[PDB]
Amino acid sequence: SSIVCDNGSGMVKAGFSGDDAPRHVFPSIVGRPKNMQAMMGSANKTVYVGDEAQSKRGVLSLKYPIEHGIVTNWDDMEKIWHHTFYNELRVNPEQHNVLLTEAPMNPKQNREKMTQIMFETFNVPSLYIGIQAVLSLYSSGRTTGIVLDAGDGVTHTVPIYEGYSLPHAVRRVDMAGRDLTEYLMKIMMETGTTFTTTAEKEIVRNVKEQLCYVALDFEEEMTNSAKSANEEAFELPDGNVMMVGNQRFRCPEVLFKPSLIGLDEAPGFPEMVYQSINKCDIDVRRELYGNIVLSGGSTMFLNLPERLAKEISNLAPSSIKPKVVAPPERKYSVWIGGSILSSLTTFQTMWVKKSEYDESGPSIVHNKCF
Amino acid sequence: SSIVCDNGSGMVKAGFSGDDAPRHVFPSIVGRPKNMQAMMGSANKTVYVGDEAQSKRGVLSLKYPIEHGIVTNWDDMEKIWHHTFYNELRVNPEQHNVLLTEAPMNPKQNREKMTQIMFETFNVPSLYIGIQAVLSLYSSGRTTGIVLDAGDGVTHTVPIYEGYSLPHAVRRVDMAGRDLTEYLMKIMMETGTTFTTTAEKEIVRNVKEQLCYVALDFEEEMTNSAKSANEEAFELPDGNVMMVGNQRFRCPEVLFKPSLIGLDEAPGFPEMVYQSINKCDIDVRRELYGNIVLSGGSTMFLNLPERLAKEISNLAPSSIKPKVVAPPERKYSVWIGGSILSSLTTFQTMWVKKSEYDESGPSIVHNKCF
Amino acid sequence: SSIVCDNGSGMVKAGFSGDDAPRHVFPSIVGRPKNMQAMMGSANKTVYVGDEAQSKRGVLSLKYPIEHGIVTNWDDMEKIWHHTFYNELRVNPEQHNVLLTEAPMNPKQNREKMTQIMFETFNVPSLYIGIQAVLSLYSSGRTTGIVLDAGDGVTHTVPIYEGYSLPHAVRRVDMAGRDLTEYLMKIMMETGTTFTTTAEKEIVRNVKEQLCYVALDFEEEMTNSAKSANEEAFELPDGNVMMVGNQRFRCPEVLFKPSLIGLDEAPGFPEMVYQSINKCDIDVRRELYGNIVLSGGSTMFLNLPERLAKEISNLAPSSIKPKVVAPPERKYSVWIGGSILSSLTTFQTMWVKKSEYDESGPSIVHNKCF
Amino acid sequence: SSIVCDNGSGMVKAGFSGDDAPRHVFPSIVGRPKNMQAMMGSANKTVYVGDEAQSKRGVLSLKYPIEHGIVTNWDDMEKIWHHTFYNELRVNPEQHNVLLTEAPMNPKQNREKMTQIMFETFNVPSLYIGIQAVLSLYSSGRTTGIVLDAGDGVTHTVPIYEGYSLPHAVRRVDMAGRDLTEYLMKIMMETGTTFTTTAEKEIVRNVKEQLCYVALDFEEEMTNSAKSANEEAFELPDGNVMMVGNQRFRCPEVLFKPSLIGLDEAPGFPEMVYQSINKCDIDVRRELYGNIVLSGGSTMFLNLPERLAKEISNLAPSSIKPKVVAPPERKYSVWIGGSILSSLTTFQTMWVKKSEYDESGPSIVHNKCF
Amino acid sequence: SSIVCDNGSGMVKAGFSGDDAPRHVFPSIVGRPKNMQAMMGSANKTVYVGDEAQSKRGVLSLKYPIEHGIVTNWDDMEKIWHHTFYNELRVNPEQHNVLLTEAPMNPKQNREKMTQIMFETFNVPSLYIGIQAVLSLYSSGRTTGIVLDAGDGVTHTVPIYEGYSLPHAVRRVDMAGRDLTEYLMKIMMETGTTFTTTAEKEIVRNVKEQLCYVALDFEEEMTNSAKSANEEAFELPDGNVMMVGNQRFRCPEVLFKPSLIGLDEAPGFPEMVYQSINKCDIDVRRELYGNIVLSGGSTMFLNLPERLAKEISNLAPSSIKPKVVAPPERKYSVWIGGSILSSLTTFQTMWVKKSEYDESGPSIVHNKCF
Ligand SMILES: Nc1ncnc2c1ncn2[C@@H]1O[C@H](COP(=O)(O)OP(=O)(O)O)[C@@H](O)[C@H]1O
Ligand SMILES: Nc1ncnc2c1ncn2[C@@H]1O[C@H](COP(=O)(O)OP(=O)(O)O)[C@@H](O)[C@H]1O
Ligand SMILES: Nc1ncnc2c1ncn2[C@@H]1O[C@H](COP(=O)(O)OP(=O)(O)O)[C@@H](O)[C@H]1O
Ligand SMILES: Nc1ncnc2c1ncn2[C@@H]1O[C@H](COP(=O)(O)OP(=O)(O)O)[C@@H](O)[C@H]1O
Ligand SMILES: Nc1ncnc2c1ncn2[C@@H]1O[C@H](COP(=O)(O)OP(=O)(O)O)[C@@H](O)[C@H]1O
Ligand SMILES: [Mg+2]
Ligand SMILES: [Mg+2]
Ligand SMILES: [Mg+2]
Ligand SMILES: [Mg+2]
Ligand SMILES: [Mg+2]
């Protein structure tokens, strides 16, 4: 069959074409022990990948091969790929077509080396590398709209009008869920709870995923929370309980004002969409405003679509009624679109055969894959 | 075969690998006469080791070569080793592998000189020196847990998570059964029975081993015993009978509050475990609380595990349910774990060959033995 | 005396009439701090203009008052003017005549408000606003020719035949050095070097000004550079070194094919000149082809005049031999022409006196200034 | 006048504004007796603060109110403050302005309660709480640079460029002189000298302050010291002499590799500075490399600045020449900077008046004090 | 007033508070006739106490109620107390406060029954029982030091540092002047003079008090005395003269080596002090070495302080200079300290009132008296 592997910065989503949801979602981490093994043969493993690293994180040093959508450690990335194939999918990579995803405006060498590893190390017969926002637009079952995809390493905006790309209106900000997690971990020190190790960063990520929400009116929420002192209790793995105060709505606020983490000139979620739309031709802006698609796990915060729609409406002219489409399953929207695309009968001629790679070498994906 | 010799401060336990219990347990004492021999040839021995010294203790001055887990008299220690081999095991040390144990954070010169004596004086072919808490965890048949080992000279706490050492969470207090015996001998003077000689210290040790018990509630027990005047009779070797009052539960109480013997800042049995657990990573604390292993003869007091479990539960957060594992045979738990480890087929490459010692000299055990 | 101030989009050039070169050239930027001042009195300034903003750009947010030749921020523009007078020229504006320049076919309100600010805020006695291409033709010392001026915000083409204007043959494209800088900053992401802040945009501008060159044959250069992988090293301010590959000749290529930045229907440098010439009367085309004048800093790329002359010759009929005049000092050609014009004895009756402004109000410059 | 009180984790430094050095430096310890007073009226004191506790440490249990820059015992802290005012400065706190210091990214409640105690318990008229690194940069008489301050409880790095804060580039590691003292006390057990009581911890601290030095090449020093067995003699208070071997250069080595004390993922002295610089804007990094300021007593080890400068140069690009500024009086650099700041005529409007506290309550220092 | 009664094993010292010396010192003996009274009314007394028993010792059987500081005969002890009050002090015990002394670590029932007898049999209004070494330290007018008190039944060592007790460093050996007298009486049999009756034991005690001296070098003295045969003549009451040879310096030698009387493991005078000092904290040892206080009549031998100081200096480290304080009136040092303590105005609230005894019964002195 065909393999749809959505290698994200934080989570790896793998499966087969035609399915409605990925069958294997595990973190994109590689852990190694930081202490000598006192016993004999109990923990003989030297490298842990995926859920195994997450399970033993208390005695491991976790590492992310992908940073901001760019693979910074290729040995760990190929370890993750070997895991994803053999231990996760339990299929021979040589017998299946592999579909990969990548953020727009990534370095060319990243895609080139990814293709080289897929064709040589795993002997994949045919390969194709797509764009995450295009697949996210595919999954919604529409051919026109602007996709705001925010995952774990990068958020990008890609407008598409009736199937035609608008390459000069594509935005990209290296600010996503990992930056939010780091900011939350920093601002939790005010309450008196400091997390420093990589293992303790996962606890902060869980706090972010469970308690954080987007405030409808940040300034009003900030003042009312100051006096009422409303806070929620989060139970740490050791059994201790810590209280999370205004950090619940301050952590996702950095999406709407990235100056809180040093990105002073970064636009923010509504401003980036507005600028991307205004970079397009005047005749297509009205249909782009009326169809805004959210994707990625960093768009899953409570009240985020409503806040985004309210903020965009202020920027847009009074005759425009923006509509934000936030599917409940938008976390896996990229994988669903990739599965849909790979199941199309027209797409079967778009695969990059290994024979073509043997002829023209790398950078073949830079000409036919878009 | 292989020899598993657990040289403790008070008791020497020797045997062969594969056995379920040591075949020779005798005190680690060396006695010498303090009076001239009036008769001719009846008692021509000048040095007594082991049970012989204990049998003739009335006319001998007993000495312990090991103090607080550290050999303070090497001539007496090598006398004890010569006894343990020839008179006890009746085997040639040159034909067997010797496994030795040592408390954590001991001086390096102690282990170096022990290795030198084993390799040169006894010509042992291969040697290995382990850690008592690790072997105690081996004997329980588990790879995760925190071991509280309290013998005769020192009590130490060693956390181990899934076979990985946690060296920065290891505690060590030089307070064990010998200090309890001395405290009992001091507080028996209140009743009107003073023991001063080393021979009379063994009587106090027997009193401690037979009558002393840990009170579930020390303050309630102290008041009720004051009015009821409940006491038990202990028969001295000479035939006299002395009464032991509140000293039955006061003597082991110093384990839970070492300030009674001048160790004002020492933690105590539950506090030391709590601190050792809290020195570990937050992700491993929950599994360490749920598996606490007791070892050594000083943990054999009545109601000691129940009192320890109750005390630790107060310190631990309300979401934690500590479980204390106290095997009935925990006195020999270190030797059992050493026998199990030496019988493993993987361990056979971990012996320190005598050829290696001839090459790199001493301190070879500091690099490969842990 | 008289003041010749050439307020460009990127650079401000000021001086006095009769001089052969501007005495003060500084960027047209206004910077404001983005962080709170921790110390006391060291950096008490709140707004930085000119070279001061460029010097402290690492802690400032730089802004350009002029976009595409149109003043989009009048407060910052009047700050720049106040700087240019007092801190740069150190003369009283009330005592001198001011000569200003403006791109053709600009909005009328822009010139009206510029005149209002000059007459009211600075109390300038007499004012005149010219056209940059006319002054560029003045500086060459000729009365016939077609001027292709490309600065930082806009490129315009103005044909003049024997001193007579040809208003219906004037072209204007909002594509100049700033668009080239943005395109270079976008295409440097392929190598793996992303610049996002306004301060880092100046580094990209310096890269463009130092390394970029116009390829004689773009298609041949593109293929040969692909295989030879020829690239140059540029040292960033922090000390790091980044390699610039094919972006050296791709960045200025957008002048000859503006479709690379979304201006699909824009003509380009040779096509715009050809269309502007063909919009003129048939009797004047031959003399316009034989005298093409380049102006502005965006025409300073290596091999740009040769490439332009080759490209125009293909469009022109075979009986025409176009000649492109590219003076070495064409960056300041507008200012030189303004200085020459203001020093003419005939021009002294063309100033707009402040009394005339008090009578007819604004839009007086729309009738007598051309 | 004004009071400059630098409440550190280990040492309290107090004085008046305008002086070049603190007039009263005493340890921040509170001691209580652990034994009953046998005599009558000789030692009627029940709590000892400062040098008195240090003098009688042999019969006292010493406690540090401040841990890692955070006050963990407010009663002892206010005892220390009462001592510092009345017994040390011998002035009425109600008649003077008090300047306090605090580590960056401390819990907000710590500063709030400190302000509450100063305003209510001592009735201080006006108060101000600064940042230790900012004052350390003040004392050097420069407005640009990066300050590496390492005291007794925490080490922090604060970059400042031309007086503007860089809040997102501030690092903080809870590893300072007290952790070094604990590590030295642990590793002295290898030689055969165990210190356990709090009184004996001061002896280890004196050993660290007198004998420990930073090795220029740790690996080369470790091997050469192993064979030469070079060691120095330290005389204990009782008159005994103990030998300190490789622990002289191993104890301060944990600053450059904090994994020796369980901080496996902590950066270390050069790595923390490098990361803090690289968190800043590219335009300011070159000036931050060329001006590195050391502060605190934990930076006073021999050859520490040279080792740090060598280590940073390897991390920095080859075009960068880092310069480390280590004033001889850098132990009191924070107090000197505080005295300089409080003597400035501009600073006199920055005090938090008690009337303001009565109006807005606490957290007033969170808005105007930085 | 107040009564200071120092009930020793051999001598009873009584007096009133404020005096510089006891006004009544008599032996603590009770004698009874061993023969029938032949005459009529000449010697009608049946029990003799004090000097009367000593005067008629030739026809009486003398008995000591106190053995090793413990009252073994309460009827004789209360006879001695009745004598000491009525026949010696000639005051009503009901009208005075009584201060009593007791050796440390005595049985609790001894003190309880002493208090019961004082409160019930003699109807003493208020009572207090102190420690002999504490009072001996009081008499020297110092609050720090280590007291070596050796009387007639027991020698004990009590360190005190700045008024704070060090209970875990207190030593006690049941070997004092009576054991020396018995040893002298045994070793006088070698010369040919056997004393067996209790009356003849007093002659041996007088010989010990008049002729015995401590040898500076025992081994050198033993050899030189063997050849020179130097001996002194002692006149018995009957008029006979016996010669005392090497027994002059052998009798007090048992203090420095108690193995001569079967106390093989007893430390001896310098060893006991050294061990008691080393049981203390390291910070207080230096001041304890420099202040050693001698007390009791068994320390009155010639050259004893010099020999003790020489012996201790060998044990102490080379950096220590021990100083032994031996007041000329150290025999009554305990009584002087008791008189000083009872005259303090602060001590007046420390008396145990008879009403308190009626409420809480006995063992009240175990809580408030120390
Ligand atoms: N329910 C949630 N609410 C808020 N944030 C979430 C939620 N689930 C995941 N996230 C954030 O989204 C990130 C994962 O996004 P994902 O789409 O998996 O990224 P990628 O596409 O790189 O795999 C995590 O870092 C997490 O912080
Ligand atoms: N049944 C018992 N109850 C209480 N204490 C005991 C008991 N048996 C032994 N002990 C104490 O434990 C000590 C022996 O412990 P052990 O484990 O033999 O030490 P080591 O490991 O050094 O040989 C003795 O000093 C004794 O006081
Ligand atoms: N030597 C050069 N080579 C290439 N481009 C240059 C050079 N010098 C300046 N430029 C470009 O020209 C622009 C400045 O042109 P200028 O004539 O100063 O514009 P204006 O007329 O608006 O002041 C800059 O944005 C820069 O990108
Ligand atoms: N000369 C020295 N050499 C090495 N370390 C020192 C020296 N003096 C002090 N220290 C260490 O520095 C610490 C005191 O630093 P200090 O700046 O007083 O901290 P704080 O700012 O918290 O008062 C002590 O714990 C000590 O270990
Ligand atoms: N001048 C002396 N020289 C040597 N020993 C003496 C001297 N005087 C008394 N003694 C010894 O000291 C003992 C008396 O000591 P004392 O302090 O009275 O004891 P207590 O404190 O029990 O009353 C006697 O047994 C005697 O042997
Ligand atoms: Mg994704
Ligand atoms: Mg043991
Ligand atoms: Mg211009
Ligand atoms: Mg400090
Ligand atoms: Mg006495």
# chains A, B, ... in the order shown; residues from 1 in each chain; ligands from 1
>>> interface_residues(of="chain C", to="chain A", cutoff="6 Å", atoms="only C-alpha atoms", output="list in words")
residues 190, 191 and 192 of chain C
>>> residues_around(residues="residue 36 (chain A)", least_positions_apart="6", cutoff="12 Å", atoms="only C-alpha atoms", output="ChimeraX atom specification")
/A:43-46,59-60 /B:160-167,368-370
>>> select_by_dssp(residues="region 125-187 of chain D", states="strand (DSSP E or B)", output="list in words")
residues 126, 127, 128, 129, 130, 131, 145, 146, 147, 148, 149, 150, 155, 156, 157, 158, 159, 160, 161, 164, 165, 171, 172 and 173 of chain D
>>> closest_residue(among="B:111, B:201, B:68, B:156", to="residue 276 (chain B)", atoms="only C-alpha atoms")
B:156
>>> residues_near_ligand(ligand="ligand 1", cutoff="8 Å", atoms="only C-alpha atoms and all ligand atoms", output="mmCIF file with N, CA and C atoms, in the first residue's frame")
data_model
loop_
_atom_site.group_PDB
_atom_site.id
_atom_site.type_symbol
_atom_site.label_atom_id
_atom_site.label_comp_id
_atom_site.auth_asym_id
_atom_site.auth_seq_id
_atom_site.Cartn_x
_atom_site.Cartn_y
_atom_site.Cartn_z
ATOM 1 N N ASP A 6 3.588 11.866 8.789
ATOM 2 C CA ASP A 6 3.622 13.309 9.019
ATOM 3 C C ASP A 6 4.632 13.586 10.128
ATOM 4 N N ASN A 7 5.896 13.735 9.743
ATOM 5 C CA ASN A 7 6.971 13.985 10.701
ATOM 6 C C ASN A 7 6.888 15.427 11.178
ATOM 7 N N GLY A 8 6.244 15.637 12.324
ATOM 8 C CA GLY A 8 6.177 16.948 12.928
ATOM 9 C C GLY A 8 7.348 17.210 13.855
ATOM 10 N N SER A 9 7.399 18.442 14.362
ATOM 11 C CA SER A 9 8.446 18.801 15.312
ATOM 12 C C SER A 9 8.281 18.051 16.626
ATOM 13 N N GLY A 10 7.049 17.920 17.107
ATOM 14 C CA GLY A 10 6.807 17.280 18.383
ATOM 15 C C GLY A 10 6.265 15.870 18.289
ATOM 16 N N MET A 11 5.297 15.651 17.404
ATOM 17 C CA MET A 11 4.604 14.376 17.296
ATOM 18 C C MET A 11 4.785 13.789 15.905
ATOM 19 N N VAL A 12 4.996 12.477 15.851
ATOM 20 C CA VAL A 12 5.078 11.737 14.598
ATOM 21 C C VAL A 12 3.767 10.995 14.401
ATOM 22 N N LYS A 13 3.132 11.208 13.253
ATOM 23 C CA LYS A 13 1.857 10.580 12.931
ATOM 24 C C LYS A 13 2.038 9.729 11.685
ATOM 25 N N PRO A 27 5.487 10.732 20.378
ATOM 26 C CA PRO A 27 6.365 11.906 20.372
ATOM 27 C C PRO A 27 7.637 11.667 19.576
ATOM 28 N N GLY A 69 10.741 22.882 12.594
ATOM 29 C CA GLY A 69 10.489 22.217 11.334
ATOM 30 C C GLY A 69 11.721 21.826 10.554
ATOM 31 N N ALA A 150 -0.484 25.760 12.904
ATOM 32 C CA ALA A 150 0.433 26.007 14.012
ATOM 33 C C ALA A 150 0.643 24.698 14.756
ATOM 34 N N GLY A 151 1.837 24.128 14.638
ATOM 35 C CA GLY A 151 2.125 22.863 15.278
ATOM 36 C C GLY A 151 2.962 22.992 16.533
ATOM 37 N N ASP A 152 4.158 22.406 16.516
ATOM 38 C CA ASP A 152 5.052 22.438 17.662
ATOM 39 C C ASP A 152 6.324 23.235 17.421
ATOM 40 N N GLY A 153 6.695 23.478 16.168
ATOM 41 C CA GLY A 153 7.929 24.180 15.886
ATOM 42 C C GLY A 153 7.784 25.446 15.069
ATOM 43 N N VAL A 154 6.742 25.531 14.242
ATOM 44 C CA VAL A 154 6.589 26.660 13.333
ATOM 45 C C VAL A 154 5.115 26.811 12.993
ATOM 46 N N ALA A 176 5.766 28.392 17.950
ATOM 47 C CA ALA A 176 4.702 27.399 18.003
ATOM 48 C C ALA A 176 4.647 26.830 19.416
ATOM 49 N N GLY A 177 4.080 25.630 19.548
ATOM 50 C CA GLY A 177 3.785 25.086 20.862
ATOM 51 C C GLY A 177 4.991 24.943 21.768
ATOM 52 N N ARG A 178 6.166 24.663 21.200
ATOM 53 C CA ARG A 178 7.355 24.512 22.035
ATOM 54 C C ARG A 178 7.754 25.838 22.673
ATOM 55 N N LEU A 180 5.641 28.217 23.382
ATOM 56 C CA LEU A 180 4.636 28.418 24.420
ATOM 57 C C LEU A 180 4.969 27.618 25.670
ATOM 58 N N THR A 181 5.425 26.377 25.495
ATOM 59 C CA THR A 181 5.809 25.556 26.639
ATOM 60 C C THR A 181 6.982 26.170 27.388
ATOM 61 N N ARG A 205 4.473 20.867 29.465
ATOM 62 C CA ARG A 205 3.682 20.697 28.250
ATOM 63 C C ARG A 205 2.306 20.125 28.565
ATOM 64 N N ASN A 206 2.240 19.156 29.479
ATOM 65 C CA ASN A 206 0.948 18.610 29.885
ATOM 66 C C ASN A 206 0.097 19.666 30.582
ATOM 67 N N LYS A 208 0.222 22.849 29.972
ATOM 68 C CA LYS A 208 -0.240 23.710 28.888
ATOM 69 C C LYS A 208 -1.404 23.078 28.138
ATOM 70 N N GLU A 209 -1.319 21.776 27.866
ATOM 71 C CA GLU A 209 -2.360 21.101 27.103
ATOM 72 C C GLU A 209 -3.638 20.894 27.903
ATOM 73 N N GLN A 210 -3.562 20.875 29.234
ATOM 74 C CA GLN A 210 -4.735 20.584 30.047
ATOM 75 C C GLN A 210 -5.399 21.805 30.662
ATOM 76 N N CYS A 212 -4.358 25.469 30.058
ATOM 77 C CA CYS A 212 -4.270 26.764 29.396
ATOM 78 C C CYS A 212 -5.449 26.992 28.460
ATOM 79 N N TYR A 213 -5.912 28.240 28.408
ATOM 80 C CA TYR A 213 -7.011 28.631 27.539
ATOM 81 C C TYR A 213 -6.778 30.060 27.073
ATOM 82 N N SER A 295 -5.273 24.592 11.692
ATOM 83 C CA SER A 295 -4.651 23.279 11.701
ATOM 84 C C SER A 295 -3.568 23.251 12.766
ATOM 85 N N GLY A 296 -3.162 22.044 13.132
ATOM 86 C CA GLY A 296 -2.113 21.861 14.111
ATOM 87 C C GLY A 296 -2.635 21.878 15.536
ATOM 88 N N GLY A 297 -1.834 21.304 16.433
ATOM 89 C CA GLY A 297 -2.238 21.190 17.822
ATOM 90 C C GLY A 297 -2.161 22.484 18.601
ATOM 91 N N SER A 298 -1.373 23.447 18.136
ATOM 92 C CA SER A 298 -1.240 24.713 18.842
ATOM 93 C C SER A 298 -2.444 25.622 18.648
ATOM 94 N N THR A 299 -3.377 25.248 17.778
ATOM 95 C CA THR A 299 -4.624 25.971 17.588
ATOM 96 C C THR A 299 -5.766 25.363 18.386
ATOM 97 N N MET A 300 -5.468 24.429 19.284
ATOM 98 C CA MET A 300 -6.480 23.674 20.008
ATOM 99 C C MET A 300 -6.871 24.315 21.333
ATOM 100 N N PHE A 301 -6.317 25.476 21.664
ATOM 101 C CA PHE A 301 -6.645 26.124 22.923
ATOM 102 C C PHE A 301 -8.112 26.537 22.955
ATOM 103 N N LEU A 302 -8.674 26.558 24.161
ATOM 104 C CA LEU A 302 -10.070 26.933 24.329
ATOM 105 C C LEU A 302 -10.275 28.392 23.943
ATOM 106 N N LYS A 331 -6.085 18.678 14.682
ATOM 107 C CA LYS A 331 -4.735 18.268 15.053
ATOM 108 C C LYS A 331 -4.151 17.315 14.019
ATOM 109 N N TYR A 332 -4.973 16.410 13.493
ATOM 110 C CA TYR A 332 -4.549 15.447 12.488
ATOM 111 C C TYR A 332 -5.004 15.833 11.087
ATOM 112 N N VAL A 334 -3.515 17.559 8.766
ATOM 113 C CA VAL A 334 -2.478 17.379 7.755
ATOM 114 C C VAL A 334 -2.406 15.923 7.317
#
>>> closest_residue(among="C:232, C:356, C:149, C:202", to="residue 248 (chain C)", atoms="only C-alpha atoms")
C:232
>>> residues_around(residues="residue 305 (chain B)", least_positions_apart="6", cutoff="9 Å", atoms="only C-alpha atoms", output="compact mmCIF listing (two decimals) with N, CA, C and O atoms, in the first residue's frame")
# COMPACT_ATOMS: atom_id res chain seq x y z
N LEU B 294 13.91 -3.14 53.02
CA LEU B 294 14.70 -3.12 54.24
C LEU B 294 15.73 -4.24 54.21
O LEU B 294 15.49 -5.32 53.66
N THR B 299 17.32 -3.69 61.19
CA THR B 299 15.94 -3.46 60.80
C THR B 299 15.02 -4.58 61.27
O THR B 299 13.86 -4.62 60.85
N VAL B 324 6.43 -0.59 52.35
CA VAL B 324 7.72 -1.03 52.89
C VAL B 324 7.79 -2.54 52.78
O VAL B 324 6.93 -3.25 53.31
N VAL B 325 8.81 -3.04 52.10
CA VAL B 325 9.01 -4.47 51.90
C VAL B 325 10.07 -4.93 52.88
O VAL B 325 11.24 -4.52 52.80
N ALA B 326 9.68 -5.79 53.82
CA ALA B 326 10.56 -6.30 54.87
C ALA B 326 10.55 -7.82 54.82
O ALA B 326 9.75 -8.46 55.52
>>> decode(residues="region 1-13 of chain B", atoms="N, CA and C atoms", output="PDB file, in the first residue's frame")
ATOM      1  N   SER B   1      34.641 -23.266  42.479  1.00  0.00           N
ATOM      2  CA  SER B   1      33.417 -22.477  42.405  1.00  0.00           C
ATOM      3  C   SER B   1      33.694 -21.007  42.708  1.00  0.00           C
ATOM      4  N   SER B   2      32.731 -20.348  43.350  1.00  0.00           N
ATOM      5  CA  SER B   2      32.851 -18.945  43.710  1.00  0.00           C
ATOM      6  C   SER B   2      32.481 -18.764  45.174  1.00  0.00           C
ATOM      7  N   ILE B   3      33.115 -17.784  45.810  1.00  0.00           N
ATOM      8  CA  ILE B   3      32.940 -17.511  47.231  1.00  0.00           C
ATOM      9  C   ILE B   3      32.252 -16.163  47.384  1.00  0.00           C
ATOM     10  N   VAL B   4      31.188 -16.132  48.177  1.00  0.00           N
ATOM     11  CA  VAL B   4      30.453 -14.909  48.475  1.00  0.00           C
ATOM     12  C   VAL B   4      30.663 -14.618  49.955  1.00  0.00           C
ATOM     13  N   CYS B   5      31.565 -13.685  50.257  1.00  0.00           N
ATOM     14  CA  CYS B   5      31.913 -13.334  51.630  1.00  0.00           C
ATOM     15  C   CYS B   5      31.429 -11.918  51.907  1.00  0.00           C
ATOM     16  N   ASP B   6      30.446 -11.791  52.794  1.00  0.00           N
ATOM     17  CA  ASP B   6      29.863 -10.500  53.154  1.00  0.00           C
ATOM     18  C   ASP B   6      30.476 -10.058  54.478  1.00  0.00           C
ATOM     19  N   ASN B   7      31.621  -9.387  54.396  1.00  0.00           N
ATOM     20  CA  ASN B   7      32.329  -8.919  55.585  1.00  0.00           C
ATOM     21  C   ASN B   7      31.600  -7.714  56.160  1.00  0.00           C
ATOM     22  N   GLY B   8      30.743  -7.956  57.151  1.00  0.00           N
ATOM     23  CA  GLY B   8      30.059  -6.885  57.840  1.00  0.00           C
ATOM     24  C   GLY B   8      30.855  -6.367  59.020  1.00  0.00           C
ATOM     25  N   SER B   9      30.325  -5.309  59.635  1.00  0.00           N
ATOM     26  CA  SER B   9      30.966  -4.751  60.820  1.00  0.00           C
ATOM     27  C   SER B   9      30.897  -5.718  61.993  1.00  0.00           C
ATOM     28  N   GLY B  10      29.757  -6.378  62.177  1.00  0.00           N
ATOM     29  CA  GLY B  10      29.581  -7.267  63.306  1.00  0.00           C
ATOM     30  C   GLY B  10      29.670  -8.740  62.970  1.00  0.00           C
ATOM     31  N   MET B  11      29.034  -9.151  61.877  1.00  0.00           N
ATOM     32  CA  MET B  11      28.936 -10.555  61.506  1.00  0.00           C
ATOM     33  C   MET B  11      29.567 -10.789  60.142  1.00  0.00           C
ATOM     34  N   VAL B  12      30.288 -11.899  60.018  1.00  0.00           N
ATOM     35  CA  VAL B  12      30.867 -12.332  58.753  1.00  0.00           C
ATOM     36  C   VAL B  12      30.015 -13.464  58.207  1.00  0.00           C
ATOM     37  N   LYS B  13      29.550 -13.314  56.971  1.00  0.00           N
ATOM     38  CA  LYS B  13      28.705 -14.307  56.322  1.00  0.00           C
ATOM     39  C   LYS B  13      29.417 -14.806  55.076  1.00  0.00           C
TER      40      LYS B  13
END
